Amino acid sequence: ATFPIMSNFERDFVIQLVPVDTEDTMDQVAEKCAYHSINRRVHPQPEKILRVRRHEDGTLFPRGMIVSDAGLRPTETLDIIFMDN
């Protein structure tokens, strides 16, 4: 259930290793990624929702979809972006 991804957090400068769980939703993946960027080198945006997209092809994952179902390669790079939805 522990599964490594690389987090490319919006408006940060660097991609980071973030362990996530195969049972996490995307929402829970974003929170684990935020911990390493928000309030470290990126300002919160409380009017926005954090979304997860596959870096390589730009595929947007729904909030509630879980890591298990996402078809990711171990260490896959994920963009964590600010959206209205």
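The first residue of the sequence shown is number 1, and the count goes up from there.
Query - Selected stretch [higher average CA B-factor]: 52 to 60 or 27 to 35 - result: Higher of the two, by average CA B-factor, is 52 to 60.
Report task. Please rank the C-alpha B-factors of the chain's modelled residues and tell me whether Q16 sits in the lowest, middle or highest third. Result -> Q16: CA B-factor falls in the lowest third of its chain.
Query raised in the report: Split the chain's modelled residues into thirds by Cα B-factor; is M83 in the lowest, middle or highest one?
Result: It belongs to the highest third of the chain when residues are ordered by C-alpha B-factor.
Query raised in the report: Should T22 be placed in the lowest, middle or highest third of its chain by the C-alpha B factor in the entry?
Result: Its C-alpha B-factor, which the entry lists for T22, ranks in the middle third among residues of this chain.
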